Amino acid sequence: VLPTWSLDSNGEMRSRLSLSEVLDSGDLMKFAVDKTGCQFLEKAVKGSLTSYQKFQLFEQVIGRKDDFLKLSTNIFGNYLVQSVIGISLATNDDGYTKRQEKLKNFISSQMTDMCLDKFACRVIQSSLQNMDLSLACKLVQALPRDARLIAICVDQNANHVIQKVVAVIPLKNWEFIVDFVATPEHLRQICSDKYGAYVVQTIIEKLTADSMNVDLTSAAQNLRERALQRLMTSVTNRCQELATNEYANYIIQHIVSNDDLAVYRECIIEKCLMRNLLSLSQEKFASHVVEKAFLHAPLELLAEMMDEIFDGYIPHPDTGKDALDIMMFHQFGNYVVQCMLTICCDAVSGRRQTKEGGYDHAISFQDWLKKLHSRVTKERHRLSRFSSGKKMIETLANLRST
């Protein structure tokens, strides 16, 4: 409970309290971990403070290592820590240089243990984006280099610290993270994780030369391009493992979907998806990758993808069903055929550009459309029993009347 001097006749905290009564009391730690007490502290802290009130606040909250961690790891104290940090960064007295290098020492001492903590992880992120950049970078160097970094990316709380590091720190200071993920054995465990799959995507987004990186120098673009390729080369060598994974399929989709990654989207399709379209279309998670490939492939690779589905597999020696018959009725493959039909119809309707590579590839979309149109025409009775077939039939009819 709170200190006995701070309660009233009925055991509840007295009204009309001041900030220096508790600061002079030396009982701030009792106030910071109580809900009502910390509710009063963090509101009296947002008001105008004297230079000595800040002096007491800095020493009592971020002045001792053990007491600082005890508040950062506390459900209530972690909020008071973050506000005192902002006052330390807004008070340019003498102790400004000593206070945050001292604060950097306290978290670098307990880096991993704090990211894995549910409440201390917020002190890492807030200090990463609010401290001086020169000191926020030395914080990133405190990250482990061994198996503890794998546990940090896959942690429910610690994964956001790395996503924060990627967001507010220049790449050079966390370039080692890219290589730690780039190594084959670590790439498997992290991409296959519920939270690690999000970490990998966030790294690629910052490593992408899109509109959110036009402020970089070309020297910074070269360093980004070096880390970009290095990560892609590992991902593409393990692409089939990542494409069929529950979580890692979102990374192969993110690469193929992005126009600013078209150089690597073409390498995913050619060295992993090609010659495996029928197989990957029947996989629960890889079928989403197959859809994104059809939607975002360049028209030359799109032709080889179409021709593979239409004429890349031997028909069944007894029934005679080709890959089109198999996919149209498959529990997952039917969406891929629906993706092919939507693309072809979007092209002949003006909803999709047909000029690419200095030529109008319209005649090929019409060619692919006739193939689908006649298979749906010939199998209209068997397709009408399925939800997938009813949408293919009405799509062709809706296009007919345009």
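For every residue, the number given is its place in the sequence shown, counted from 1.
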Using the B-factors recorded in the PDB entry, average over the C-alpha atoms of 203 to 211 and of 231 to 239, then report which stretch comes out higher. 231 to 239
Decide which of the stretches 382 to 390 and 13 to 21 has the higher mean C-alpha B-factor, going by the entry. 13 to 21
In the PDB entry, which of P317, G86, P170, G196 has its C-alpha at the highest B-factor? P317
Quiz for you: based on the deposited Cα B-factor, which of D322, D260, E101, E225 is highest? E101
Among the modelled residues of its chain, the C-alpha B-factor of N276 falls in the third labelled lowest
By the recorded C-alpha temperature factor, relative to the other modelled residues in its chain, which third is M305 in? lowest
Would the CA B-factor of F294 place it in the lowest, middle or highest third of its chain? lowest
Lowest, middle or highest third: where is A147 by C-alpha B factor in its chain? highest
Sort the modelled residues of this chain by their C-alpha B factor and say whether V154 lands in the lowest, middle or highest third. middle
